[PDB]
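In: In the first instance, please consider these chains from the complex; the rest will follow:
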Amino acid sequence: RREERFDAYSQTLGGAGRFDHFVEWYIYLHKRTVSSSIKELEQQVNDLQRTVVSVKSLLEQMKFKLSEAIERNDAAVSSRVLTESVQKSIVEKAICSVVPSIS
């Protein structure tokens, strides 16, 4: 399942703050944020599909981006959320600001 806004309330009042959960989450966010209109993206995906061997990796990345964009578009106001890249950056800054001797 994808992450959803009200997961923030899951186990908030017991079970929170476990190191393994962080590491797993952080690596996940990194992999997703390693490498923007839907119609434009749809057009780019279509153009890349027509070209498709060396561009196959790029096509798969763009298809993922398109699916995500559609999902965000389809997703409700009540679940509306910041990009994974932004989320990652905020958490990184929080850690470095707060934790003694981690820069």
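Out: That came through, no problem. Residues are numbered from 1 along each chain as shown, chains lettered A, B, ... in the order given.
In: And the residue nearest the centre of chain A?
Out: Residue closest to the mean C-alpha point of chain A, counted by Cα atoms, centre = their mean, is residue A:84 at 3.5 Å.
In: surely it meets residue A:31?
Out: No: using Cβ atoms under 8 Å, residue A:84 is not in contact with residue A:31, being 10.0 Å away. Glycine gets a C-beta too; all of them are placed from N, C-alpha and C.
In: Now do the contacts for the residue nearest to the centre of chain A.
Out: A:29, A:32-33 (Cβ atoms under 8 Å, 6 or more residues apart in numbering).
In: Tell me where chain A has helices.
Out: Applying DSSP state H to chain A gives helices spanning A:19-33, A:38-51, A:56-74, A:84-98.
In: would a markdown table of those helices with distance to residue A:1 be doable?
Out: Shown next, in a markdown table, are the helices of chain A (distance: least, Cβ to Cβ, whole Å):
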| stretch | distance to residue A:1 |
| --- | --- |
| helix A:19-33 | 12 |
| helix A:38-51 | 23 |
| helix A:56-74 | 12 |
| helix A:84-98 | 15 |
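In: quick one: which of those helices is nearest residue A:8?
Out: helix A:84-98 (11.5 Å; Cβ to Cβ).
In: Any buried residues in the closest one, and which?
Out: A:84, A:88 (16 or more other Cβ atoms under 10 Å).
In: related to what we said a few turns ago, show me which of the contacts of residue A:84 are buried.
Out: Applying 16+ other Cβ under 10 Å to those flags residue A:29 as buried.
In: ok, of the contacts of residue A:84, which one's closest to residue A:7?
Out: Distances from residue A:7 to these, taken by Cβ to Cβ, are shortest for residue A:29, at 13.9 Å.
In: Quick one: residues contacting the residue nearest to residue A:70 when sequence neighbours are not counted.
Out: Residue nearest to residue A:70 in three dimensions, not counting chain neighbours: residue A:38, with 6.2 Å by Cβ to Cβ, 6 or more residues apart in numbering. Under the criterion of Cβ under 8 Å, 6+ apart, the contact list for residue A:38 reads A:66, A:69-70, A:73.
In: Quick one: these as a markdown table, columns for distance to residue A:16 and neighbour count too.
Out: As requested, the contacts of residue A:38 are exported to a markdown table (distance: Cβ to Cβ, whole Å; neighbours: other Cβ atoms under 10 Å):
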| residue | distance to residue A:16 | neighbour count |
| --- | --- | --- |
| A:66 | 35 | 18 |
| A:69 | 31 | 16 |
| A:70 | 32 | 13 |
| A:73 | 32 | 8 |
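In: got a markdown table for the residues you listed, with distance to residue A:52 too?
Out: What follows is the contacts of residue A:38, written out as a markdown table (distance: Cβ to Cβ, whole Å):
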| residue | distance to residue A:52 |
| --- | --- |
| A:66 | 15 |
| A:69 | 20 |
| A:70 | 21 |
| A:73 | 25 |
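In: can you slot in chain B too:
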Amino acid sequence: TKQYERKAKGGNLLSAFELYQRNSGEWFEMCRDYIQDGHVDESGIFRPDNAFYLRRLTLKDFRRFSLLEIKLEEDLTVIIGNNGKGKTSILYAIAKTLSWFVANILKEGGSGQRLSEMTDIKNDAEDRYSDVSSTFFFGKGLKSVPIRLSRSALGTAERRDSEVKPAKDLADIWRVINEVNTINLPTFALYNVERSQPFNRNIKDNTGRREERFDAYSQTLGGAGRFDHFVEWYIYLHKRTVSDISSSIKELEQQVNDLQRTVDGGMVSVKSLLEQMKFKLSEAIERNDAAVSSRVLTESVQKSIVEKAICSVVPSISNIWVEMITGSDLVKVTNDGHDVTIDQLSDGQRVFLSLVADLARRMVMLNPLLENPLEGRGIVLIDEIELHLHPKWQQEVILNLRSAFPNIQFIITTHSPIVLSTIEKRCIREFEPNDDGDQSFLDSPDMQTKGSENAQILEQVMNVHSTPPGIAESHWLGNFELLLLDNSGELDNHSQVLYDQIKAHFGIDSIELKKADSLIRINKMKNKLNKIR
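Out: Let me add chain B to what's already shown:
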């Protein structure tokens, strides 16, 4: 109401049951008779008047299938096709549907199994949901029992809900009537490729769960059976046959009477022991009464039925029995004329033994009122029936199963032309070899398979050359013939060399050499005629 009364008197089972539920004798008896009535055929086989089987299956956006519709036979349906055609997917779909009957026979409002969001939805489904629609038949009173399992993909535009109420309603009839008076129940089982698994020697002792009737529904649709449960149950049966329960009751009754006399004689110290023994006696009587109340086959008879079934269906096994060796009970078998333990059996023998033993156990438990419990109703799914079997066994396996379990609907998958040679073409449903997932109908082959040569079935049904095309020697006879025809039928240097190669490779007595010889003879004679002309 008057309408329900009319329909019920017309033989509608649901209407009769509804009238029974609202008034809660005549309606009960009608429902019970609908389930229990049957007749013995000319071959001495009991046949229910109202048969239960899966009639039709439809798959929409399920795994590889955009849309698929299948009509099934009452007795035997065999699905064939290349690897990755979805044969297993079909069986899984049926199994999930059957899970809803099982759950509701066991418990009111029990839930069966759902379709997976991750694996069961076709990858490029536009509507992003999957449907498994099944229609069951239960006699003329209930000609159509439609069930639909549905699942929407993870992104979720809208919920698509499953429609399972008819399964629940029918299962409720079986459950409620059984509660009042014991009836025979349908067997549902899936045997997938997971049945091939190593045997654990360590038999857990009878905690008590394996003797309960509805243990027959335990993990029936999990794919492997429970051969461990069979062994436990069979040893249990053996121990009970060596020791009668009523003699224990009579002995316990005598002990209670002796202890009561001692307490009456002034020995108050043994009162605690008397109370314990009275409890034990009451429990023994209750078990006896429950056994009596269940109207069940005797443990000796149950044992015999299962043993006969195993020995009849499994060719290498002539006898099976329980030995007390050292201080632990061991099941032994006469396999290929030698006495061995189960752990000594070959994988092919063990896997097949496991299937039959498990099925027989469940049938005995679910059909206590039948003279032959193996003549009960049910639906059994078997994936890759030929698994681990030599060709000689493949020629017997379907015949043996159908003989032992005459009223079960078998839905099976196979890759074996030898198996297909024993089956009528009407029972066969074949995928087109070039199927890219957009095939509405599975169809019967054009050739009659039953009694046909295996080589023909390979070529005409399985689409495989009888001779391996990627071996050069497979083409030598063809090449030889061409050379003979190029040189006006006379053996030239080139044709002689190839002839010698054929002789050297296949041998002097080979069919191939005889064909070559035949070609020489015919062509020489044809040429002589041509010269005369």
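In: quick recheck of the buried residues of helix A:84-98 now chain B is there?
Out: Neighbour counts using 16 or more other Cβ atoms under 10 Å in any protein chain shown place A:84, A:88 of helix A:84-98 among the buried residues.
In: How many neighbouring residues does the spatially closest residue to residue A:78 that is not a sequence neighbour have?
Out: Once flanking residues are discounted, residue A:78 sits nearest to residue A:5: 7.2 Å by Cβ to Cβ, 6 or more residues apart in numbering or on different chains. Using other Cβ atoms under 10 Å in any protein chain shown, residue A:5 has 12 neighbouring residues.
In: so what's the residue in chain A that chain B sits nearest to up against?
Out: Closest residue of chain A to chain B, Cβ to the nearest Cβ: residue A:71 (6.0 Å). Contacts for residue A:71 (Cβ atoms under 8 Å, 6 or more residues apart in numbering or on different chains) come out as A:2, B:155.
In: Close to chain B: what parts of chain A are there?
Out: Within chain A, the positions lying close to chain B (Cβ under 8 Å from any Cβ of the partner chain) are A:1-2, A:71, A:74.
In: Recalculate using a threshold of 7 Å.
Out: Neighbours of chain B within chain A, by Cβ under 7 Å from any Cβ of the partner chain: A:1, A:71, A:74.
In: quick revisit: what about the residue nearest to residue A:78, distance to residue A:79?
Out: To residue A:79, residue A:5 is 5 Å away according to Cβ to Cβ, to the nearest Å.
In: before we move on, what about residue A:103?
Out: 34 Å.
In: Next: residue A:24.
Out: Look at residue A:24 and residue A:79: by Cβ to Cβ, they are 22 Å apart.
In: For the closest residue to residue A:88 other than its chain neighbours, list the residues it contacts.
Out: Among residues not flanking residue A:88 along the chain, residue A:29 sits closest, at 4.9 Å (Cβ to Cβ, 6+ apart). Each residue near residue A:29 by Cβ atoms under 7 Å, 6 or more residues apart in numbering or on different chains is listed here: A:84, A:87-88.
In: hmm, 10 Å instead?
Out: By Cβ atoms under 10 Å, 6 or more residues apart in numbering or on different chains, residue A:29 lies in contact with A:3, A:84-85, A:87-88, A:91-92.
In: Then residue A:92?
Out: So residue A:92 contacts A:26, A:29 (Cβ under 10 Å, 6+ apart).
In: what about residue A:49, how many neighbours?
Out: 13.
In: got it, and residue A:44?
Out: If you count neighbours by other Cβ under 10 Å, residue A:44 ends up with 18.
In: I figured it was touching residue A:58, is that so?
Out: Yes: using Cβ atoms under 10 Å, residue A:44 is in contact with residue A:58, at 9.5 Å.
In: ok, the residue nearest to residue A:62 when sequence neighbours are not counted - contacts?
Out: Closest residue to residue A:62 apart from its sequence neighbours, by Cβ to Cβ, 6+ apart: residue A:45 at 5.1 Å. The neighbourhood of residue A:45, defined by Cβ under 10 Å, 6+ apart, consists of A:38, A:59-67.
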